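Trainee: Quick one: experimental structure and sequence below.
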Amino acid sequence: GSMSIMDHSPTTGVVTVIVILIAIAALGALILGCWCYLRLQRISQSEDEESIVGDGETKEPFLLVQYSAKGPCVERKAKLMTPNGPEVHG
């Protein structure tokens with residue numbers, strides 16, 4: 001039974017996914033503002049945003065899981081090989 005508010009509701013889950021979503025959006029914004037959501041991923045000087053329209057939701061849900069898996073796989077291999085922290089390097 002809920003106690004006036006909704007303690008017996010998945011509010012902790014809705015808040016957890018909203019915080020994670022807010023964090024993902026904030027991270028995406030940080031990458032869009034600091035690297036135009038491109039960060040020199042290829043020849044550059046022509047490529048557009050690679051995450052939602054450049055690659056992610058442009059066609060079919062395939063790019064979604066593709067970016068959902070490679071995004072972190074690339075970000076991890078990029079952070080493991082390079083500093084990826086503009087506070088000290090590119």
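Mentor: Arrived safely. Numbers count the residues shown, from 1 in each chain.

Trainee: quick one, helices of the protein?
Mentor: 11-35, 62-81 (DSSP state H).

Trainee: Adding distance to residue 90, write those helices out as TSV.
Mentor: Any C-beta I mention is one placed from the backbone N, CA and C, and that applies to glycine too. As requested, those are exported to TSV (distance: least, C-beta to C-beta, whole Å):
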stretch	distance to residue 90
helix 11-35	9
helix 62-81	11
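
Trainee: want to try JSON lines for those helices, with mean neighbour count as columns?
Mentor: Below are the helices of the chain laid out as JSON lines (neighbours: other C-beta atoms under 10 Å):
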{"stretch": "helix 11-35", "mean neighbour count": "11"}
{"stretch": "helix 62-81", "mean neighbour count": "12"}
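
Trainee: Relative to residue 49, tell me which of those wins on proximity.
Mentor: helix 11-35 (7.0 Å; C-beta to C-beta).

Trainee: residue contacts, the residue in the chain sticking out farthest from the centre?
Mentor: Most distant residue from the mean C-alpha position of the chain: residue 1, 36.6 Å away (C-alpha atoms, centre = their mean). Residue 1 makes contact with residue 8, according to C-beta atoms under 8 Å, 6 or more residues apart in numbering.

Trainee: Please tell me how far it sits from residue 69.
Mentor: Using C-beta to C-beta, to the nearest Å, residue 1 is found at 41 Å from residue 69.

Trainee: To residue 53, which of the helices of the chain lies closest?
Mentor: For the helices of the chain, proximity to residue 53 was assessed by C-beta to C-beta; helix 62-81 is nearest, at 9.9 Å.

Trainee: Helix 11-35 and that closest one, what's the angle between them?
Mentor: Relative orientation of helix 62-81 versus helix 11-35 (axes from the mean of the first three to the mean of the last three C-alpha atoms, to 10 degrees): 70 degrees.

Trainee: What lies in contact with helix 62-81?
Mentor: Contact partners of helix 62-81, identified using C-beta under 8 Å, 6+ apart, comprise 51, 55-57, 84.

Trainee: give me that answer again for 6 Å
Mentor: For helix 62-81, the surrounding residues in contact (C-beta atoms under 6 Å, 6 or more residues apart in numbering) are 55-56, 84.
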